[PDB]
Structures are given as C-alpha cells and as structure tokens.
Amino acid sequence: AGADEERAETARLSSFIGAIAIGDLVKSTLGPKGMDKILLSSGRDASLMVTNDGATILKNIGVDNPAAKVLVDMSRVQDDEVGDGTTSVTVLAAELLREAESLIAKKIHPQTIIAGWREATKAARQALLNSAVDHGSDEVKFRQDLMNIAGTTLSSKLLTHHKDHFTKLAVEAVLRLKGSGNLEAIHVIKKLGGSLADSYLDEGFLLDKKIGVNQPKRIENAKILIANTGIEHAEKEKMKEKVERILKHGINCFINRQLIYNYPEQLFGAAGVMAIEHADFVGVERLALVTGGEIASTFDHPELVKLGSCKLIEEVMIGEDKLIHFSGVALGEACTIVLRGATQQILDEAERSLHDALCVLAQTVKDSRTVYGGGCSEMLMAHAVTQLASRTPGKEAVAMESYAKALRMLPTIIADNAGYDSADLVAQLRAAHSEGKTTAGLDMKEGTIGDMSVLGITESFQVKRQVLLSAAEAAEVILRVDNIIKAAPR
Amino acid sequence: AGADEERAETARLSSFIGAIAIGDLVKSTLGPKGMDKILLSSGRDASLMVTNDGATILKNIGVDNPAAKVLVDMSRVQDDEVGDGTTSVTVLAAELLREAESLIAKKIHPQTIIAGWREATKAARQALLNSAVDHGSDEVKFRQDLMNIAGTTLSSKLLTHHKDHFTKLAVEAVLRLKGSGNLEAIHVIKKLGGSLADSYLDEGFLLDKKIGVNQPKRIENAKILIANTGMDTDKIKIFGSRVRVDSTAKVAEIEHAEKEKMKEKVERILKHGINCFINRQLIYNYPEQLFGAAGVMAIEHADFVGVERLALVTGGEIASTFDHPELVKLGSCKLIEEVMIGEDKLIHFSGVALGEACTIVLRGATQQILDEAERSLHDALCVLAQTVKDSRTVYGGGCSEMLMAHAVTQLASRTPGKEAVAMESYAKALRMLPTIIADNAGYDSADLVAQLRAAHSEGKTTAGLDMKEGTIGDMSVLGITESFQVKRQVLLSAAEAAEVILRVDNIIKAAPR
Amino acid sequence: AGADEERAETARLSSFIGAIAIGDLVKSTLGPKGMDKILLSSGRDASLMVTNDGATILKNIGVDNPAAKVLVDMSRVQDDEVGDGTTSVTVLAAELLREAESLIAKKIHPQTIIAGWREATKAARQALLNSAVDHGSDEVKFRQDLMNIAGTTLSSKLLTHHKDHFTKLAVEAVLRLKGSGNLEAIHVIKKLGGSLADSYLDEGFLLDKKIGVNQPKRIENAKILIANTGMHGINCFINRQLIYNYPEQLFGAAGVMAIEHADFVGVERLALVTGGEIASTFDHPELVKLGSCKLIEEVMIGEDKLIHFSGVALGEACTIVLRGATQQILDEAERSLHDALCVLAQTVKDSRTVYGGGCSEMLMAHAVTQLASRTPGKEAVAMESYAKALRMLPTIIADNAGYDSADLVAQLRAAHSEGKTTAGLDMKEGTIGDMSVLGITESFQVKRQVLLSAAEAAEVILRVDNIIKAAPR
Amino acid sequence: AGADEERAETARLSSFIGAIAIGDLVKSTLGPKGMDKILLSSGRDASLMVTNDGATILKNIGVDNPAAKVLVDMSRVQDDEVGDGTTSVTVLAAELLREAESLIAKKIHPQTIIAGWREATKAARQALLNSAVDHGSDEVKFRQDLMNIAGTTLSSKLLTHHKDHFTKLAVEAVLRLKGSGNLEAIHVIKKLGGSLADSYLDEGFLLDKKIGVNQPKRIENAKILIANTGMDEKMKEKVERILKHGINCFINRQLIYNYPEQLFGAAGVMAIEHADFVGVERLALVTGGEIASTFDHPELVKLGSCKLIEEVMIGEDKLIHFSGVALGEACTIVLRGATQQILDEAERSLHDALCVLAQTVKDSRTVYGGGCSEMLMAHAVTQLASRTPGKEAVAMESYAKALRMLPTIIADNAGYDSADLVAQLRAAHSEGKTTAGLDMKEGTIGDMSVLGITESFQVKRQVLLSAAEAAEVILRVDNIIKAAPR
Amino acid sequence: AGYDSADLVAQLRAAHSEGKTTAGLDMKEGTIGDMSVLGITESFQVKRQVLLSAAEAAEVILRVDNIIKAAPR
C-alpha cells in the first residue's frame, strides 16, 4: 500500500501527463475564432455549462488525483490584477515539460539543468523592463479611453461585427468607476434583441425579481432596505414592529438576500412597499455602494443606520421584457450596462464577451501601460531568446534554450484558431518580427500578418509581468522532485 | 532455477544483497550534490517522513526479510558523540561483503577473517594522526562561526544553491544555544514563497494563527495568557436548576449574563496590560469583540505542542479558571507580532527573558521535498553545536579519505597470513568516496578517480575534490571542513557494526507458491 | 487484409526503420570512445567478423527485406574521393527521417514536402562561405601543419595517448607529397623500438620481405623490375605474386635481391617514384622498364630489419617510416598515417578548410534556423527539419566523450553564436574550448561531398513512390 | 539477420554466460591431478567421448547460440605452436569478465574501462622477466631437454609409470624440428605390440597406404615422385620417363587412375592412391623437394632421396616406411607400448609434447611452474596501479587480483584448503625467492627446481595477449550469429 | 500541391465567378493564377465524355438490387 511510491521515469510522467490534457482544451479557446465548450457532468451536477474563459472552467472541477489544481488556482489572482486577455499562460507552462524528453538523453543528473529556472528569473525581467508599453493615457482621455485592449478580447470572439462598438462602451464604465476603490460594484446582463447600438448604458443597478402578484405597481422617492437576516400573538408583534418602523420612513422597497416570512409579505402590499425574495447577494453588495449603504442587523435597522438613495425604483419594460430598475445613484462609482443587442444568438454571447471586458478594463486604467496584442509580443521575444541561450554557460543555457522554443507554440495556436494553416503562418510571422517591427503581429481576420496598432489591439502591461514569473515557479516544483503527493489519510 | 529455496552458500548471498541494496540509497546522500528521499508507509505510521539524514531513516524501519537491522543500530553510538557530517560509515561496510565471494576461495575460518576487523581498528585509528585538523573554535566568535562544515553537511542537500546562506545562519542559533540550557525548544518552519535572503532570524518562537481580521496589528510589552479550558459557556457542571422567569422579556437578563462573562475577562485583563491571549481549544465568540477594541490578540485552537515549548520560553504559567491572569500567569514581555515574511503571514513571539529556547526560520521554494529543510536543519543544528565544542576538524571534499586509502594499500600483503585478504579489503573501501563526490556534481566519476589519486600521492593534504570546478582544488579556501571527532568514532563504529552482520547469515523458509 | 500490402503510415514505416536500425550500431563506433562489433552470417560466410570502420562492414552484404542496401553503396565512392575519417555521414542521413512524424502535422501532400530538398540547395550554400574555412594554410605551415583533422580521425582510435603526437608528425609527410602528382605512395610500419618519440621520419619506402637466406644484403645504383606475371645490372626484382624456385638460385650468385609476393599497393606507388614500369612478359627488361638508381637496401630502423627504397629522381612522392612504443596501438599508426595523408592531399588541392571538433556544425546551425522562416509555406517546414539534424552531431561527439551531453549542447551553442569560429567541442577537456589552440581544422571538400552524399540517400525513399506488391490471394 | 534484440545490461549477459559454464568443467582438468570428462551428442554421434585435453573437446562441438565458438577456436593455433601443457588460458580469460559486475558500479563508460588493456601494456612488460623466468634451455640439451614439463603434462594422466619414459622421447623429436620450417614435420601413430621401451624412433616419415595386391614388394635406391594432379598416350608417357630415372615410388595426393596401375606392377614402381597432403609437405623438406605440376614434372624438377622405402609389419596394422633422409633436418617417431588404456594415452601425449618442446628449444626462455610465476607477478602488480596516471589505476588493480585464483586452483585439486595456502604462498614469493612454489605433494610450499617442473615462456606471452584480445571484443558487441552485417 | 485545402477553395471561387476563364489553380504558387501562361488546357472532349457516361450508368444503378465492391483486383 502506502502513498505515491514514485521514482525514476514514471515519476516525471505523472506531471507530464497533466500538462498535455489541459493544453489542448485551452488551445481551442485563444484568438478570434475561439471555441466555446459546453460541459456535461452527472456527478452531483445538473446541466451543461459553457465557458469560453479557460480559467473559469479549470477552477470549477477537480476531476482526478494527479497534480494540476494548484497550478490552475494561481491564474485567478492574475485575472483580478490584470484580467484574462486570452488564456495563454497555462499552455506555455505545459510545453516546458516536453523537452524533458531530451532530458532522458541526459541520463545523469536532471537537477543541474534546474539552473535554468534561476536563469528564467533573469529572463522574466528581460521582457518586463524591455519591449512593451505605450505613450499617453493622462486619465479619462477623450479618445484614448479604448478602441484598444477591449477589442483584442473581443477579436477572439466572432461577435466583433457590431460588437466592437460594445467594447468601446466598456471604458465609459471604467472612467465612472475609478475613484474610491478597486473593481467590484459592476453588474452585466444581456437582453434578447432589437438594437443597432446593441447596448444601452444604465444609471444604476439592474435586478430581475418580484415579491408576488399582489403589491403596488410602482413606487416613488423609493427608500431601500437590505437585511442580512430573513406566543402566537408575539408573531403579531413582529408584524407590528415592522409596520410601526416602516410607516414613518415611507418605505417604498425592501430587498432581502434570503427566504422571507409570509406575514410581512402581506403588509408591504397595503402600505405601498415592494419587497424582493432571495435577492442575489452579489446584486445587493453592488447596490449598497450605490445607495450609500447601510449596516445590516436586527429590526433596529430602519432610520439613519440605513442610507437610502432617493431617485426612482420601478419595475419597467424595455422593448418586450419586464425588468426592475434601480436608478439615480449619487455615488456614480457603480453603474450597470444593459445590452439590447441586434437580435441574434451572437447576442446571447454578449454576456460571455462583456464579462471578459469587465475584468480587462479596470486593470487597464490603473496599470497605465500596455503591450501589443495578437501575439506580436511573443514572436519578438522568441527571436531574441535564441541568442540568450548562447550567452550563458552550458549548464544554465540548456534549460534556457528549451524555454525559448516554448514561445513558438503561441503563433501556431493564434493562427490555427483563425482558420488559416498554422504551418504557413509561423514562417511569415517570424520574418516580420525579426526585422524589428514591434507593432507587426498576427492578423487573424486576414489569416496572415499585419499591423496590430491599426487594429488597436493591445495587452495590459501587467499580464506580461505576472505570467513570466508564475510559469517558472510552477515548473520548478515538478522537475526537482521525483516523489511527492501530500499529507493526512489512512 | 524456478525457486527461492536457499541454504549455506546461497544463504550468504542474502546477507550480501542487503549491504548492496542499502548502499545505493545512501550514496546519493553522501555528498555536496545529493538527491532527497520521502518514504510513505501504510499502517501505524504518522505521515511520510522525508529524511536527508541517512542515520535517522535506517534506524526507524525494519522493512523486510533480509537482515540488516542489527548493522544499522550501531551507527547511533557514533551519533551520540557525533554521527554526522555526511553519511559514509554504512557504505564502506557494504563493500566488505563483495570480497566474501573469494572468502570461499580461501577455504578455512570465517571468524579468523574477523580478526582482520581488529586490524580495521589499526586502520580506523590510522585516519587519526592522518590529516592536520584546523586549530580553531572559541566562544561566539565573529568569523569562525560558519561558512565551513554546515555548508558541507548541507552541500549534500538539494537546497545548497541558495541554502548555503541559511546554513551560515544556523550557527547564530547554536551561539544562543550554548552552555546555560542543553538541547531544547528548537523549532524550524519553512515558507512557500521565495525571497533572495530565503530566511529571517527571529528572536523567539514562531506560530501560525490569527484571531480575525479585526484587532491591532502589532502588540508591545506583551503578557501571555494560556488556558486549559475554553472560553465557551452555558452548562458549567451545575445546571442552575432550569430557570423559570415570569412573562418573557425579563429573560433578557440571561443574555446580559453572557455580557458579565465578557466583563470579567476585560476587567482582570486591563490591569495586567494583556497584549496576547493563547488558548489550546475552542473559543467563545463574545470575548473577540472585546479583544478587538481593547487591543489584545487572541489565538483560537492554538496547538498544545507549540504552547509547551513556548512556556519554557516565557517562563511558564499555571493554567486554571478565569482566576488565571495576574500572578498565577508568568508571561514574558518583549515582542509579539504577526510579521509578513516575504510570502505567507506568520505570528512571531520573541525576546524571551530566559534565552534558552530559540527559533530559526528557513524559506525554500514549495514542495513536499522542501520539508527536508526540516531535517537538514536538524543535522545542521547538531554539526555546529559540536563544532564549537570539538575545536577540531579535518579537510573535507574527500581530502582525508584519499590520503588514508594510499596508506592502507601499503599495509596489504605486508602483513602475512589470514589477515592479509581482510586488511586489503578495507583499503579499497576508501576509493568509492572520491567517486561519489564527483558523480553527484555532474562530472564523470571514472576520470575523477584518476586525477585525484595522483594529487594526494604527491603529498598535498589541502588539495581535494572541487565539484564546482569538476576537478581537484584547495579545500581550505572553500571552507569545507569535517568535525574532528566524527572521524575518530566513525571508523571504529563502522568496523564493529560490519562484524556482527557478516557473522550473521540468512533468512529461513521452505516452499514456493 | 490477406498478405503483405502497405499504405500511407504503414508503408512509410518500413523506410523509417531501415535508417534507425543502422544508426544505433554505427553511433557506437564514432568518437575516441568508439566500439568495434563482430557479426556471423547465414550464407557462404565462414565466421564472426569484426570491422572497426562502418564503411567496410556495410558494403559486404545486403541482408534484409527492407530497403537500405542502396544507401550503403554511396559511402565507398566518398571513401575513394577522400576517405574514412571517422564514420559519421551515415548517421546524419538517418536523422532526417525522424522529423517525418511531425511532417503529418503540416497535414497535406507529402510529395511537395520534397520541394524542401529544393530548399536544401539554399542549405547547401549555407554550409558554404558562412563557416570558418582556412584563413591559413600557406605551405608547410609552422603550427597548423597538423594538430587538426588527423588528430580528430585519430581520436576515435584507442591509441591517442602517445599517438596524437604521431598524428601531428604525419603532416610533415603531406608537405613533401604535396602537389597534383599521384596521390598515395605513403606507407608506414611499426617497430618494437624504444619510447617517447614513438616515431621517426626517414629516407624512403619501407617493406617487410626477404628473397631467402641466400642472396646479397645491399644493392647500389639499383635497377628495379616489376612484373604482372609470375616467374641491365639488375639490383632488385619486385614481383606482385608467387615466384618460381629455379630463378632464385640464379639471383643469389648474380648479386640481385628479389621480393616474393610483394603487395600490389606498394608496387604501384613505387612505380611512380622510380619512373614507371610496363609490366608484361619477360620482354619487360630495358626501356619498357623505367628504373631509378640512387639506393635500395634492407636496413634496421632501430633494431628489426626492413627494406627501404630512396633517392627517387622524379621527386613527386616520398614516405614516412615512423617507430614506436611496442603494442597493437603502435601499428595502428600504420592505419592512421595513411588516413591522415589522404585528407591533406585534398587540403592542398582545395586550398580551403574549416574548424574541427564540431565548430563548423554549430555555427551553420544558428544560421540555418533563419532560412526556414524566410522560405514560403511548404518549403519552410521541410527546410527546418534538415536544420535540426545538425543539432544531433554536437551531441554525438560529446556523448562518446564520457561527458554530460545536455551541458555540452548549451555551452557549444554559446561559443558559436558569439561569432568566434575557433571555439568548439573539446572532448579531452570535457567542456568547450578553443579548437584553434588544439589546431583542428577540416578540409573544405569533406563538407561539400558529405552534404551531397547525405541528400541523395534521403531521396531514395521519395523519388520512387512504391517498390513491392499487394494481394495475390 | 542483423536484428537480435538485447539492450542495456543484456548485451553483457549473453557473453557472460558462455564463459562461466566452461570454467568449472575445465578447472578440474588442470595439474597432475586432472579430471577426465565424457560428453554426449545425438544425431550421428554414436556414444560418449572422453577427452583429457580441454582444447580437443572444445573444437569438436558447437552446442548453442551464446557466444563462445570464436574464443574457443583460438586454442588450436596456440596448441600447434606451444599452447597446451595444462589448460589454463581459457580459465583466466573467463574470470576477467566477472568484474563487469563492478563495471555497472562504475556508472559511466565500458570503453574508458578498456584502459585495463593500457594497463596490460605495463603489466605485460612488468611480468615478462621481473619474475625471473629461467636461464637454461640452450638448444639441443643433453638432458635438460625434458624429464621436466612433458612429465607434468603426463602427471594429470594415469600413463605416468611406463609412459613417463615416452614423454622423454618427445624432446629428441623437437631437436630435429628446430628451424624456420616450424609448423610441419610431426606424425605419430600408436602401435599394438610389446617391449618395456614401448617406442621406436624412425629416421623417416611413417605412412599407411598400399598401391594394390600387385607391385614390387620392396624398393631400393628409391626415387620419389609427388604429383599435384591426379592420374585420372597417358600410359606410355609415364613409362617412358619413368624407366630412364629408375623411379621406385610414386606418391599422389588424390585419386589414382587404373591404367597406370597395371604398368607400375611390372615396372618395379610403388604408387600411393589418395595420399594425405599433410604427409607430403613434410616429405618435401626431407627429400630436398620437387616442383609438383603436370606430367612434365619428372627428371631435375624432381629431387628424390634414395636410402630406402618399404612396406612392413610393426606388429599390428600394416604401415609403409620412408627412411634414410639425406637432409637429416626432419624425422618421425613411432610408439609401440604394451597394450592397455595407458598405451592409447601415448597418442594423446606427443600431440601435446612436440609443440610444447618445439617452442622451448627456440625461445631460450621458460618459467617456474606450480604457480611460482603467477604469485610473484601478483605481488609486483600491486605496485603498478599507483604507478600509472589514474584512469589507468583502477583498471590495473582489477587485472592484478585475477592472478590470485591460479594458486588456489592448483591447491584446490591437490586435496588441501587454499586459504592457508594463499596466505603462506604470498609471503614466500614476496620475499624474492623465485625457485619456491606450490608443492602439491608437500601440501605447502617448496623448491620446484628439484621437481623439474617448468613452463614454456610462450605459453605465458600468448595467454596474456590472447586474454586481452578475447575480452575487449566480447564485451563490446550485442549482435551475435544469425545472418550477415547490418 | 501541398497547400492548405480550405483556404484554396475560397480564393479559387472568387476569381472564377469574377468572369476570367484563364485564371485557375496554380499548384506551384499554392494559390490561384493564370492557367494560360502555364499553357495548360484540357481537351474539351475529356470533360464531356466523362460526364455523359457517368450519367447513363447512374440511370440503371438506383433502379436495380444485386451487387457490391472490393477494388479493381
């Protein structure tokens, strides 16, 4: 019995196998003609889920015993500090494993080769302090607001026929957001059709729930109540405490993130108050920043321990469907985007695309710098790294040389998803980068190579800094160790 | 053919096999570029222990039918007076069994052959008076403290590329562990993230827990409170006879009673100046709101083992009921704080008045094998404390071993009779050490043996194996040295351990499946 | 689904296997640490035979059903046109087949893949002018006379402990030989003599034969007679074959020394030196025979007696005798001198070279990587496979050295990309070193012929679409 | 067919197994106390053959695929010149391979290991006179010629009571064998008969053939004719040239034609049908030779001795005798003996004897027997591993321990425990006393000079060089016998 | 011709529908080009006989029953 018991060639292999399975899956996802996947599980799961984003799908399920879940976990921190771009970092880490094949030819000590990872730290610093960046971005900016990185995230999605316009909208959202603190208060939902604009911008948070059939149709000078919490005669007292406190405030709406007792429900309708059952917590937190918030506790909650925004809360209909809109936020820090869309199922993919937009833009505004997208950055660095291996001494250099060829796979994945032959694309791509043009990259729409800058496609500066360091450290854990697993059972 | 039945001569082979099997695992460990082994066992074992110290692992488990357990036990006697540097005693002993093949060739007394062993002594002691030692080791001492043997003990270990720096750190710990205490309370913990320093030295004990997000971040002039019983309340022991109360609302006083429990805790606490509370169990929620406003840091479900070590550090405490604060408690007062240590968040207790309990913090990288820093340090601790006491050392890198081998070769056929084959067997044993040092480095062992033999023969004691070089170099500048008593005891111990097992033969069973 | 038919992937595999099977056995042979193998055959073969050099063994028999015999025949033409060196050309051709697995990845028409060969002309020019060449080989040469290619040829052999000194010596031999006149005429033998020098250059051709116990010891103003058919002041008679007994009595009284069963190879070169012979029937003596008359005698080099021909009037060719420190290693020099001389003859004629120790191979590899990307779609993938082939050569040189191959690849590339053509692989060092200090250089000609020879062998698989049969039953 | 798969450590194992089986069977053979062995083969092998001589049995059968046939074959050439005595060369070569187990422990390269042979260069020279071979064997020798080593060859054999004398005779044969005509001129057949001497020495070659029932009984002032081409106008040409010469005997190495046969009987000339070639070559040196070709061959091209040729009965199995050779350089010995097992052992002994002694007269060098040479060499080689640079050091020390087994095997077959023997033996040789060696009869050590046991110098040079060559080749290659190259 | 098949179909159709008969697939180019410059012109009859024979064979075939296939032989 025991646990693990691995040594020799077999031990290397378990790590090696995990990398290959994940790389093919994520490979489809990258670039303009990315592949959407629907997941079917009948193991304490109810329906097929479709996730374009590679990071979200890896996080959701830990299918088996081999190590890979922890490597996957790290990518999420990256998403909040810079966002998704297109998933590429996981693939590069995996290809590090493949040259281990030439390593059995070493037949002596693999550990000496490990010196390359230390070398990698020198290399990571070589791109972060080198080729990238842009000149401009003074805060807000009339035209430099976007027409950039949002577009590269979009270009990976087909909807960029009318959708590139949607992307333009997203930075209006970031300019309003900045101010007081990070990224959190933004909510996005896609509608089913009817617009050339394909989108609308809302003043406040958008919600979709009802108390019940009975209750007032509409409210005015609405005041908002949020609760963290949901002898027989004493039951009446709960009814009465709620009514007594309620009437003075003029309470127009109540929002609760959970199940709600039947007695109060009745009362709200006669009073002229609309309540919400099991309101999503995420919606509530966004709403709190917007309304000035409150402190959620016991029935002592109504009055000045509560802050209510006073413009207008009503259930309204747009084009055809009926939704409930919270509007008139003094804060301005948090707003909501409602996409009417040009009635197509591509529109149903608007939710897919805007979510990607949400993480990318917040980071883009505070990083204050960017890189050239479309794989422009990867080929340039690849030409340069071939030289780098030759500068170092033979023990360090061999590991460094392998790292350099890793960048080669990205050009193929970007073009292959485009639909143009991958083999042809690599040759022409390398030649333009070699000349010295940073701007030049892969034009997926063309199927060849072109000027990335005209497109407006740029990558956040931060995505490049974090991934280079992360790839090396994860790799080190695997090769230096031939026997591992973890503590506790039996 | 076709069966495992064994008797007399075939029987000898099982004894033979045990010595060869042990040598392969141990050889990787023997020097400046060792590997790292984990070993997980199912059935009455607590977690898999990954050990870089060869002596520790052989003693712990009697794995199988072949007999080698008895040979293993003796190495500990060497440990009691030293037992470390790099593990090499067991390896040489194994080589002795290979010649047993020609022992049948010499047809006579197996035990008279054993008399050769009481010439091993006149070989083992030969290493004594062999190799000038060093002439050093005072008290505390500014530069002779390290950048020596600890580096060699750790040279074998994987972490050597950056860890030789932390190895250097370990002597500072021995400096504060000398004299006035003996050996106690040394606790070392590694962290997942990396820093160039790869280690911080803390003036006291290191723990990992936090009260909650709220509470003052740092405390000063700290008082320590340890409780045998939880902060939880209700039943007590005597129920209270199951309370009545008339209409309902009055019962709110019961709610108020809970407040009183908070009250006693704060009233007694403020006078003492309480900065930190450590409890080895579940903690009731009410006191935390109190602790946060007061400015006191408490620890929920603190581990008991940390507490016992800590008590020696603080001066101890008597743990009882809420009377526990004031005089019955004896908390120390320098600094208790939660310190960002490059990556993870850790809580550090430090500035102990006693000064006899101390902690060293090591980093690493993030791996199951990382936990070998746990045991790398354990031999690092032992090597340095001895280095202070011995004040004597030998040239490392196998310099001592090659010199001795040349001298033993001379003895060979010169001593007539039965003892002649036995004495010569011992002599070629020394040859493997030079081979092993280079093999791990990344250079060809065969070539290394060739060049090394010529330099020692010439008469230069200082010259040895330089792994970074790939060839032979001056060992003294490198700083690699071996403690002096390790050499006197190791050779004696190796011979005696070898004698019992060779003298004991095979495993006995009768039929195939 | 009945009997032996193959399509696409399965048909390809038989071609694939033939190249791989030869490579494992031949790879061992390469390097100072090379190995010699013994083989026993099924038909009309008497016993196990052991051949040190790859070319001799490959040539004798075409055994197996898979195609590979045709590839083998090419190496001998190369040997005649330059020589054995150390066998390595066969290994380079085999490696090109490995890339075919990723070839399927390009996923379309294998035949236009062939247009990559068209691109190989580009690769061929690459092996040209963007390499070290000579930069020095003026005539005689103070330091670079040798310590080079002969040493590398030498290295694969065990004897290179004192032998490397002998190899250096062999260039002195080449300088006198030098010129367009009759390449060959170099013979060397070992002698059970004394230490260190391990070899002495001398006066003339050396031959180990005697007429018989009766006959004069020395001849002056010697006349040389060579006859194709078996049995003037005639001093010496040399015949390449059996000699009839009756004349033997006659020769002793006359004052003439004859040689029975003299080797033909010694004879042909001797003729250029003397001035030629028309070897016919007994009409052969006089003008139809051209003789040289300085001195023919059997002398002891250092102890043992052998026969020396010297004072050639023509002056076109000369011979190095050597000596040595008693062993099989010593007469190995016999094989090595002849090998060292031939490489040099090409070197004088071409007046161009390169740097040895794999210095030439790494530099070219860095440059060829660029070429694949530059060429269009289909051309690019086939062209690059050829380029990666060069990477293995550095590895094979180092692997046989007993030194770490992984470490070696990195450092080798490191010295070459810098722009210093002198740096290369030093096996004796175990790392990388200055090839020029060693003095190793390769002839310019050896690199062009090897490139042409390897390319054609590869195409036998591709120029003909199919070779066997399908389903009779 | 170029494809037999064994990989990694497997290539060594095929080679390793062939040597191990042969060594235990051959080890009991060596020394005065040697063992006789019998073997069975089926499929045209009638019964069990017993061969005292290890070399003879190895040549006869190729039992299985594991490599050993080539190693085995190179014993006969050794035997033809010096070779035999006691078979030890195969035993020593086999033990070299056992250290290959240590080679895996080396963990790097078998070829750099091949520096042992470099070591052999120093070891070969080191032991080729620092052990003090012998200073006698002048050439011819009145009686140091034998009553020594030949007796030792016979010691392992029962025949040593009446056949010890037979052994003495072989050296006389050797003296005539001196010269550059080294390979040929030895023929011995045992004859059934009686006499204490048990042998008769002929002044010429002994053959066993007859023309036919018809033909002259005896030829005097004989002329000898040898023809390369068979006898198969032709009748008359042969008589016409035959008559003038006076031709007394014709020897042909092949089939003879019937027409001449009638003519020879009337003529007075004795002819031999299908005479073996080996006898003929020996005869040419003896008679001054002749140029054998077509029927033109007669007169001057033919030289013929004329002392006497006749067909007679020794006592059993009729033979034809050639005698009175003018040259005197070559002669032939016939052994009679008094019938038993011991007598047929005579055939065994001079096959072994002439070759041992032939080199002994020519070499002028021999070594002390009984293991004396081996122990002294062993002490000397201990110094050597240190003397060489280093790679060549580990390689030297491994070669050195091999010599230790030879003392052990002689003692082992002597009926005494070798441990005491090894220990006591080394001290004597180390001291520097060359004459002292292993005395099996004694059970300890003694002066073998008194015994008269000496080994030829050649047996020691050929064994060390052959062991070197027949080891490097076997370890190196994994493709053994099936079909031709690559 | 070694060139990627899907890309090829796209460029090919746009040029032919364009109205230029001369333009066609250029295998050496790996794209489309002027066939006439190459000098390539299929005999007209080869195109009509193939189409007509296939047509008549088809008439009998999806109006019968007994058959199958293996290969030419």
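Residue numbering for chain B follows Swiss-Prot; the residues present correspond to positions 14-526, in that order.
Heads up, header says this was done by electron microscopy, 10.5 Å.
Placement of Cβ uses the backbone N, Cα and C atoms for every residue, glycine included.
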(message) Using only what Swiss-Prot says about ADP binding by B:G98, B:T99, B:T100, B:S101, B:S168, B:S169, B:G410, B:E495, B:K500, identify which of B:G44, B:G217, B:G364, B:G368 is listed for that site too.
(response) B:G44
(request) Report the nearest neighbour of B:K181 (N6-acetyllysine) in space among the binding-site residues B:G44, B:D97, B:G98, B:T100, comparing Cα positions. (result) B:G98
(request) Please report the DSSP secondary structure of B:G98 (ATP binding site), reduced to three states. (result) coil
(request) May I ask you to report the DSSP-based helix, strand or coil state of B:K248 (SUMO2 cross-link)? (result) coil
(message) Most Cβ neighbours within 10 Å: which of the binding-site residues B:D97, B:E495 is it?
(response) B:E495
(message) Quick check for the class: what is the C-alpha distance, in angstrom and rounded, between B:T99 (ATP binding site) and B:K154 (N6-acetyllysine)?
(response) 25
(request) Excluding B:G44, B:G98, B:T99, B:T100, B:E495, B:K500, please set out which residues of the same chain place their CB within 8 Å of the center of the CB atoms of the ATP site, keeping sequence order. (result) B:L43, B:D97, B:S101, B:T165, B:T166, B:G409, B:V499
(request) Name the secondary structure element type, per DSSP in three states, that contains B:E495 (ATP binding site). (result) strand
(request) Enter the number of other CB atoms within 10 angstroms of the CB of B:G98 (ATP binding site). (result) 25
(request) By CA-CA distance, flag whichever of B:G44, B:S60, B:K154 among the recorded positions is nearest to B:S101 (ADP binding site). (result) B:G44
(message) Tell me the Cα distance separating B:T261 (phosphothreonine) from B:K248 (SUMO2 cross-link), rounded to the nearest angstrom.
(response) 21
(message) Give me the count of other Cβ atoms within 10 A of the Cβ belonging to B:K154 (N6-acetyllysine).
(response) 13
(message) Give me the CA-CA distance between B:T100 (ATP binding site) and B:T261 (phosphothreonine), in Å, as a whole number.
(response) 76
(message) Rank aside, I only need the closest one: which of the recorded positions B:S60, B:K154, B:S169, B:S260, B:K500 has its C-alpha nearest to that of B:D97 (Mg(2+) binding site)?
(response) B:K500
(request) Could you find out if DSSP has B:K154 (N6-acetyllysine) as helix, strand or coil? (result) coil
(message) Here's one to test understanding: among the recorded positions B:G44, B:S60, B:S169, B:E495, B:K500, whose C-alpha is closest in space to the C-alpha of B:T261 (phosphothreonine)?
(response) B:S60
(request) Sequence order please: the recorded positions B:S260, B:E495, B:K500 that have their Cβ under 8 Å from a chain A Cβ, otherwise just none. (result) none
(message) Counting across all protein chains present, how many other Cβ atoms fall within 10 Å of the Cβ of B:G44 (ATP binding site)?
(response) 25
